[PDB]
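Side chains included, hydrogens not; waters and symmetry mates left out as well; all remaining heavy atoms used. Protein chains get the first letters and strands the later ones, always in sequence-line order, with residue 1 at the start of each.
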Amino acid sequence: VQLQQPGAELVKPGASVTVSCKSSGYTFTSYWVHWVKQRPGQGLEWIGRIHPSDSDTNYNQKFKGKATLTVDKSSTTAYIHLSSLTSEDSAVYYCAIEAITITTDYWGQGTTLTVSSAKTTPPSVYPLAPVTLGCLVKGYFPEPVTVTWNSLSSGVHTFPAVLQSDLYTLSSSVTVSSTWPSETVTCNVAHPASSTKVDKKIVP
Amino acid sequence: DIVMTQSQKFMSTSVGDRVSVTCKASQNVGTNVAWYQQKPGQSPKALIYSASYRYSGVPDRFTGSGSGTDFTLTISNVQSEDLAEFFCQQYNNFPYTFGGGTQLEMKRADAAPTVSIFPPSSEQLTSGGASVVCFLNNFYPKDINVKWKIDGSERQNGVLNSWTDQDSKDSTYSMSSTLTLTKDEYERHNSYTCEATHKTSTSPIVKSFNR
């Protein structure tokens with residue numbers, strides 16, 4: 001079972017947006033689809049639920065005029081539509097279902113929605129060489145970016161972004177003495193909003 | 001609406017001990033209470049439904065209990081891998097409401113940071129910018145201080161600091177400090193030093209380079 005959500009969405013204030021939740025691996029019309037909103041400092045909020053069989057819905061009254069739940073049975077996809085967007089709607093939106101055969105939950109990756117008047121800006125990627133290596137991702141907007149080391153997982157420290165002059169900047173450190181050089185260590189970083197992917201090899 | 005009170009936002013523990021996260025509902029919700037775990041960078045994961053029943057694959061180390069208004073999530077033999085924020089939730093009445101969340105904190109032996117300094121990349125200099133990055137990796141406890149020095153003179157402006165979550169593998173913390181100057185200013189100087197002050201050493205840990 002998989003719930004596929006777009007990684008990010010950047011919308012201007014006052015506009016609207018539709019986030020998709022593409023499901024696979026089970027009978028789409030069997031289980032309620034729930035939606036959850038998450039912002040820092042506010043924890044988790046329940047938006048509502050929809051049953052794809054007949055589009056029966058229960059809404060959190062807080063989101064009555066803001067969120068609209070729909071489904072497309074033939075494409076096994078659920079949608080949430082958000083109207084009159086403000087910065088208050090900037091958050092991560094999850095879709096989730098509960099399968100019973102043994103109860104198991106399945107969640108999407110969450111869509112990071114940013115409501116801002118700023119334009120998309122791709123990240124400038126810089127290699128950090130003197131063994132601990134690094135990758136500097138500077139001047140991107142909006143969040144998020146996904147960085148990966150070739151793949152390498154242990155000895156990886158990806159630090160949270162910091163907003164400097166209206167752009168975001170973060171760094172990642174990979175700690176792998178003999179391995180480098182000879183073993184090509186490459187910074188892999190994607191900015192889903194700018195549709196910009198960069199590869200930068202760490203060279204001495 | 002129903003308010004779910006998680007009175008503790010943080011709970012400290014050592015590996016192998018027992019922790020109990022309390023959750024108090026403002027109304028009778030029976031046993032229609034769920035518990036969730038959100039590890040860093042991950043979506044929430046359901047651990048407990050019906051107050052005490054575990055989802056598939058959830059270990060018996062996670063025990064849910066309570067009924068009515070008082071609810072408790074007990075974690076036995078807590079591992080650093082369990083590091084996450086824990087949310088209770090009621091689904092007895094619309095709308096479903098979550099608790100405020102409780103972050104797990106692991107206590108461990110004190111550790112000194114692994115400090116690494118990096119000169120500005122050749123690519124960034126061919127753009128008029130110049131950033132000097134210092135990594136302070138895998139230390140404990142979290143309290144640490146970084147001092148930048150240029151030709152022996154302390155520099156406080158233009159410094160960007162960032163801290164990671166507690167590492168779920170070794171319960172350590174990490175910090176990156178980035179000193180950003182213009183290209184002309186960076187070539188006006190030679191010595192660039194990053195100093196780290198931590199309780200593990202009376203003297204700072206120094207890393208530097210000459211351009």
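Results of the side-chain contact (heavy atoms from CB on, under 4.5 Å) test with A:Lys66 over A:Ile80, A:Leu82, A:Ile47 single out A:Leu82 as the only residue that passes. Considering B:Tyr36, B:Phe87, B:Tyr96, B:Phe98 as possible partners of A:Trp46, the one that fulfils the ring pair (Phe, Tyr, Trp, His ring centres under 6.0 Å) test is B:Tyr96.
With chain A as partner, the option from B:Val133, B:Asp165, B:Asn137 having the largest number of non-hydrogen pairs under 4.5 angstrom is B:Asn137. Note: A:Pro160 leads A:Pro130, A:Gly108, A:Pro160 in heavy-atom pairs under 4.5 Å with chain B. Among A:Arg49, A:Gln61, A:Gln42, the residue with the largest count of heavy-atom pairs under 4.5 Å with chain B is A:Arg49. Between chain A and the residues B:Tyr91, B:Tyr55, B:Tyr53, the most heavy-atom pairs under 4.5 angstrom are made by B:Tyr55. For the set A:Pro144, A:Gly155, A:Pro127, A:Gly43, the entry with the most heavy-atom pairs within less than 4.5 Å of chain B is A:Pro127. Among A:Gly134, A:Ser124, A:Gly48, A:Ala129, the residue with the largest count of heavy-atom pairs under 4.5 Å with chain B is A:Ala129.
The CD atom of B:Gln156 lies 14.0 Å from the CH2 atom of B:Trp148; values are rounded to the nearest 0.5 Å. To the nearest 0.5 angstrom, B:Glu123 atom CD is 9.0 Å from B:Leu125 atom CG.
Crowding of B:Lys39 atom NZ: a count of heavy atoms from other residues, nucleotides or ligands under 6.0 Å exceeding 12.
Close approach to chain A, defined as a heavy atom under 4.5 Å from one of its heavy atoms, is seen in no residue of residues 58-68 of chain B.
Both the backbone and the side chain of B:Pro44 come within contact range of chain A, judged by heavy atoms closer than 4.5 Å. For chain B, the nearby part of A:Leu136 is the side chain; its heavy atoms alone come within less than 4.5 Å. B:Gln38 touches chain A through its side chain: at least one heavy atom from C-beta onward sits under 4.5 Å away, while N, CA, C and O do not. Interface remark: A:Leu133 contributes backbone atoms only to the contact with chain B (heavy atom separation under 4.5 Å). In this structure, chain A has a heavy atom under 4.5 Å from the side chain of B:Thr180, while its backbone stays farther away. Interface remark: B:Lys9 contributes no atoms to any contact with chain A (heavy atom separation under 4.5 Å). Both the backbone and the side chain of B:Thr164 come within contact range of chain A, with heavy atoms under 4.5 Å apart. For A:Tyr94, the part lying near chain B is the side chain, with the backbone staying farther off; criterion is any non-hydrogen pair under 4.5 Å. Of the two parts of A:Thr158, only the backbone, made up of N, CA, C and O, holds a non-hydrogen atom closer than 4.5 Å to a non-hydrogen atom of chain B.
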For B:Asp184 and B:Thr182, run side-chain hydrogen bond (donor to acceptor under 3.5 Å, both in side chains): C-alpha distance rounded to whole Å, both residues' side-chain angles, the deciding distance at 0.1 Å, then the answer. CA-CA 5 Å; B:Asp184 312 315; B:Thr182 73; 4.7 Å; no

Starting from the C-alpha separation in whole Å, work towards a yes-or-no answer on salt bridge (charged side-chain N to carboxylate O under 4.0 Å, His left out) for A:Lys62 and A:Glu45. CA-CA 10 Å; A:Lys62 166 165 176 166; A:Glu45 289 182 280; 2.9 Å; yes

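Proximity of the aromatic rings of B:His198 and B:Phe139 is defined here by a centroid distance below 6.0 angstrom, and this criterion is met.
A donor-acceptor contact closer than 3.5 angstrom is absent between the side chains of A:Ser24 and A:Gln2.
Ion pairing of B:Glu195 with B:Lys149 is present here, as a side-chain N (NZ or NE/NH1/NH2) and a carboxylate O approach within less than 4.0 Å.
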